[PDB]
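Protein chains in written order, with the entry's author numbering: chain X, 72 to 242; chain W, 10 to 196.
Where is the CB? At the ideal position from N, CA and C, for every residue including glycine.
Here the structure comes first, spelled out in structure tokens, and everything after it is commentary.
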Ligand SMILES: [Zn+2]
């Protein structure tokens, strides 16, 4: 195979390089030194510059040099609260717990610090989806009101009983 | 569409329903008519758990649905469910649920007095106060059950009435903002 296998090794190398704390960007040839890809094609080099490192949402460019994107990913509690508030305001949906866990190492500390700010929905495949706790409207009732509300059934009753009950009670 | 109808809809979907129902209604607040496929990709919920919520909202009839059929570019027909909010039916079912819960209060007060007061710990069955005289044996001189022949204590039936009475005051206090929303939206 050719032209479709070396890109996975490159993105794995610079991700692990970023895990070591290398914030400074690296050139194309500097990455190619330690990946054992010195015999890579020239048409692959131009394809990486114009497509691969600009469509990937994990790569950003500083003065022509490429690096990881730690600003987009979550790395602290304050960015987690800001991003979750932005998803609530614009209505872009929640974020899975596994996405936060891989972006933010030791994310359990940020979860327990925020506490009730993060709403957890349990998917059937053990996954969790995080939602913002919009504290503008916080109304809660006792569990005995919940089972009393569930006791009365309205799904199996026609609309003519609902309209007649208003005139039956005289309102 | 007045904003007072949106405010009362939020206050009844965030307290009496889950957070998933509130997020579904917030989409219908922003856009009056939202397609099903657009809100599938928005909240990224599972297909089965989200249609059950819309089945529940169709159960309480907060919103209404209309169906249209059309032919796409590939020629395959489709059936897209279009959902729109109807505040005219929404206020009636809220009012119906309010009076039904209101009339539940007095009939719970009546059934508290109409509940049984004689309980036999052996058979663990409630006994009517009228039937306690029938179970009484005149030859023995004291009242017991015929089946179990044990002493009957009526102190257990006193305590559930006091718990219900204290909840009468809390239920009346928490409902006043909801009643205030109805009075502001009579026009
Ligand atoms: Zn008995």
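| Check | Outcome |
| --- | --- |
| Does ligand 1 have a heavy atom nearer than 7 Å to the CB of residue 131(W)? | yes |
| Please name the residue or residues paired with residue 89(W) in a DSSP beta bridge. | 77(W) |
| What whole-angstrom Cβ distance do residue 174(X) and residue 144(X) have, given they're in contact under 8 Å? | 4 Å |
| Give me the subset of the region 57-68 of chain W whose CB atoms are less than 7 Å from a CB atom of chain X, sorted by chain position. | 68 |
| Do three or more CB pairs link the region 203-220 of chain X to the region 148-163 of chain X at distances below 8 Å? | yes |
| So that I know if they touch, is there some Cβ in chain W lying closer than 8 Å to that of residue 194(X)? | yes |
| Quickly, what does DSSP pair residue 97(X) with across the bridge? List them, please. | 137(X) |
| So who's on the other strand from residue 235(X), going by DSSP bridges? | Note: residue 235(X) sits in no beta bridge, so no partner. |
| Cα-Cα, which of 87(W), 106(W), 149(W) is closest to residue 219(X)? | 106(W) |
| Can you check which of these residues, 159(W), 98(W), 176(W), is closest to residue 203(W) by C-alpha distance? | This structure gives no information on residue 203(W), because the portion of chain W shown stretches from 10 to 196. |
| Hey, would you say the C-beta of residue 159(W) is under 7 Å away from at least one heavy atom of ligand 1? | yes |
| Taking DSSP as the reference, what is the three-state secondary structure of residue 116(W)? | helix |
| Do the region 84-101 of chain W and the region 60-74 of chain W touch if we need at least three Cβ pairs shorter than 8 Å? | yes |
| Who pairs with residue 135(W) in a beta bridge, going by DSSP? | 128(W) |
| Run down chain W in chain order and give the residues with a C-beta less than 9 Å from the C-beta of residue 157(X). | Under the 9 Å cutoff, chain W gives no residues; its nearest Cβ is about 15 Å from residue 157(X). |
| Specify the secondary structure class of residue 195(W) as computed by DSSP and reduced to three states. | coil |
| So, is residue 83(W) buried or exposed, given that buried needs 16 or more other C-beta atoms within 10 angstroms? | exposed |
| Does the Cβ of residue 188(W) have 16 or more other Cβ atoms within 10 Å, making it buried, or fewer, making it exposed? | exposed |
| If I follow the unbroken beta strand (DSSP E) through residue 203(X), where does it start and stop? | 199-203 |
| Closer than 8 Å, Cβ to Cβ, to anything on chain W: give me those residues from the region 181-192 of chain X, in chain order. | 190, 192 |
| Can you check the region 155-191 of chain X for any alpha helix (DSSP H) of at least 4 residues that lies completely inside it and give the ranges in chain order? | 168-174, 178-185 |
| Regarding residue 145(W) and ligand 1, is the C-beta to nearest heavy atom distance less than 7 Å? | no |
| If you drop the 5 nearest sequence neighbours on each side, which residues of the same chain put their C-beta closer than 7 Å to that of residue 102(X)? | 81, 84, 85 |
| Nearest-angstrom Cα distance between residue 185(X) and residue 169(X)? | 17 Å |
| If you draw a straight line from the alpha carbon of residue 141(X) to that of residue 79(W), how long is it in whole angstroms? | 46 Å |
| For residue 43(W), report the span of its beta strand (DSSP E) as first-last. | 42-44 |
| Suppose the cutoff is 6 Å on Cβ atoms and the five residues either side in sequence are ignored; what does the same chain contact list for residue 119(X) look like? | none |
| For residue 160(X), would you say it is in contact with chain W, using Cβ-to-Cβ distances shorter than 8 Å as the test? | no |
| Suppose you measure from the CA of residue 241(X) to the CA of residue 17(W); what does that come to, to the nearest Å? | 23 Å |
| Are residue 62(W) and residue 30(W) touching if we call contact CB-CB under 8 Å? | yes |
| Does the distance from the C-beta atom of residue 144(W) to that of residue 154(W) stay below 8 Å? | yes |
| Check the Cβ-Cβ distances between residue 92(X) and every residue of chain W, and say whether any is below 8 Å. | no |
| Can you tell me the Cα-Cα spacing of residue 223(X) and residue 121(W), whole angstroms? | 19 Å |
| Is it the case that the Cβ atoms of residue 43(W) and residue 69(W) are separated by a distance below 8 Å? | no |
| Compute the Euclidean distance between the alpha carbons of residue 135(X) and residue 149(X), then round it to the nearest angstrom. | 30 Å |
| Compute the minimum distance between the beta carbon of residue 191(X) and the heavy atoms of ligand 1, and state whether it is under 7 Å. | no |
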